[PDB]
Asker: 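The following block contains the structure, expressed as structure tokens.
Order of listing sets the numbers, starting from 1, for every ligand and every atom in it. Heavy-atom basis, side chains included; hydrogens, waters and symmetry copies ignored. The first residue of the sequence shown is numbered 1, and numbering continues consecutively from there.
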Amino acid sequence: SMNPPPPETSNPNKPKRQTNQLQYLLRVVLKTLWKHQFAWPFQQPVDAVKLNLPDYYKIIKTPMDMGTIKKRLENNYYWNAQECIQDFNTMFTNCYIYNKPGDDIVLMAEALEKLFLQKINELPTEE
Ligand SMILES: Cc1cc2c(-c3cncc(N)c3)cnc(N[C@@H]3CCNC[C@H]3OCC3CCS(=O)(=O)CC3)c2[nH]c1=O
């Protein structure tokens, strides 16, 4: 029922890059999802205490949220685009794993995921 430590956004010994694909993931993908009307439940780690979801972190063992992704992108945490794309997919998948079909939160994740898929479809080639 307690909250775990959040996912790390800083790791000095992890090698990093700033690639055109990662720039796209921040400037286009993250920005688009972040401003969406349904972004709010996904802009920070799930607070299982405040939301009274005591089993959340029993079921979700790889938590991820856009607040974490935003920090990772802004602080150059990633080596490649695949790592970041995986984080987005983890976030959506967690929502579908934990909740029921037809739940508001699932409809919200689906709307964000649709836009995500449209933006990743036009991920630029590596310069
Ligand atoms: C990422 C995420 C956020 C989130 C938030 C959430 C919402 N807003 C903001 C934040 N930060 C989290 C709230 N509830 C969740 N799950 C619950 C439990 C399973 N079914 C759907 C939700 O049910 C709430 C239910 C309460 C009684 S009712 O009002 O009659 C009908 C709705 C969530 N699951 C998730 O995976």
Asker: Is it the case that more than 12 heavy atoms not belonging to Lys16 sit under 6.0 Å from its NZ atom?
Answerer: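 Yes.
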Asker: Give yes if a backbone or side-chain nitrogen or oxygen of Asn99 is under 3.5 Å from a nitrogen or oxygen of ligand 1, and no if not.
Answerer: yes
Asker: By number and element, which atoms of ligand 1 are closer than 4.0 Å to a non-hydrogen atom of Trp40?
Answerer: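 Close to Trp40: 8 (N), 9 (C).
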Asker: Quick test of your reading of the model: are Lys14 and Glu83 salt-bridged, counting only N-O distances below 4.0 Å?
Answerer: yes
Asker: Are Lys71 and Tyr77 in a cation-pi setup, meaning NZ or CZ lies under 6.0 angstrom from the ring centre and within 45 degrees of the ring axis?
Answerer: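 Judged by the rule (NZ or CZ under 6.0 Å from the ring centre, within 45° of its axis), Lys71 is not positioned above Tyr77.
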Asker: Checking contacts now, so for atom 29 (O) of ligand 1, which I'm interested in, is there any protein heavy atom under 4.0 Å?
Answerer: no
Asker: In ligand 1, which numbered atoms sit nearer than 4.0 Å to a non-hydrogen atom of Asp103?
Answerer: 19 (C), 20 (N), 21 (C)
Asker: So, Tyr56 versus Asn3: side-chain donor-acceptor pair below 3.5 Å or not?
Answerer: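 Looking only at side-chain atoms, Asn3 and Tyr56 do not form any donor-acceptor pair under 3.5 Å.
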Asker: Looking only at protein heavy atoms, identify the closest one to atom 3 (C) of ligand 1 and say how far it is in Å.
Answerer: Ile105 CD1, 3.6 Å
Asker: Does the protein place a non-hydrogen atom closer than 4.0 angstrom to atom 36 (O) of ligand 1?
Answerer: yes
Asker: Under 4.0 Å from atom 33 (C) of ligand 1, can you find at least one protein heavy atom?
Answerer: yes
Asker: Indicate yes or no: at least one non-hydrogen side-chain atom of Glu8 is less than 4.5 angstrom from one of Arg72.
Answerer: yes
Asker: Can you find a pair of side-chain heavy atoms, one from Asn80 and one from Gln21, that are under 4.5 Å apart?
Answerer: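 The answer is no; the side chains never approach within 4.5 Å.
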Asker: Under a 4.0 angstrom heavy-atom cut-off, which atoms of ligand 1 come close to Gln44?
Answerer: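 Atoms satisfying the 4.0 Å criterion: 11 (N).
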Asker: Less than 4.0 Å between atom 26 (C) of ligand 1 and some protein heavy atom, yes or no?
Answerer: no
Asker: For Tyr57, give me all partners under ring-ring contact (aromatic ring centres under 6.0 Å, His included), at least two apart in sequence or on another chain.
Answerer: none
Asker: Nearest to atom 14 (N) of ligand 1, what protein heavy atom do you find, and at what distance?
Answerer: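 Nearest neighbour among protein heavy atoms for atom 14 (N) of ligand 1, to 0.1 Å: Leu53 CD1, 4.1 Å.
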Asker: Of all the atoms in ligand 1, which lie at a distance below 4.0 Å from a heavy atom belonging to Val46?
Answerer: 1 (C)
Asker: So, does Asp65 use its side chain to make a donor-acceptor pair with the main chain of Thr68 at under 3.5 Å?
Answerer: yes
Asker: Is atom 1 (C) of ligand 1 touching the protein, meaning some protein heavy atom lies under 4.0 Å away?
Answerer: yes
Asker: Do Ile120 and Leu25 come close enough that some side-chain heavy atom pair is under 4.5 Å?
Answerer: yes
Asker: Closest approach of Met66 and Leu33, non-hydrogen atoms and distance?
Answerer: SD-CB, 3.6 Å
Asker: Hey, is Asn94 touching ligand 1 through its side chain, its backbone, both or neither, going by heavy atoms under 4.0 Å?
Answerer: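 Within the 4.0 Å criterion, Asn94 makes no contact with ligand 1.
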Asker: Within 4.0 Å of atom 11 (N) of ligand 1 (strictly less), any protein heavy atom?
Answerer: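 Flag for atom 11 (N) of ligand 1 set to true, protein heavy atom closer than 4.0 Å.
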Asker: With the side chain counted from C-beta on, respond yes when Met64 and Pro7 share a heavy-atom pair under 4.5 Å apart, and no when they do not.
Answerer: yes
Asker: Taking distance alone, with N or O pairs closer than 3.5 Å, would you say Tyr98 contacts ligand 1?
Answerer: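 N/O-N/O distance below 3.5 Å does not exist for this pair.
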Asker: Is it the side chain (CB and beyond), the backbone, both or neither of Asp104 that lies under 4.0 Å from ligand 1, heavy atoms counted?
Answerer: neither
Asker: Distance below 4.0 Å between atom 21 (C) of ligand 1 and any protein heavy atom?
Answerer: yes
Asker: Which residue and non-hydrogen atom of the protein lie closest to atom 13 (C) of ligand 1, and at what distance in Å?
Answerer: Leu51 CD2, 4.3 Å
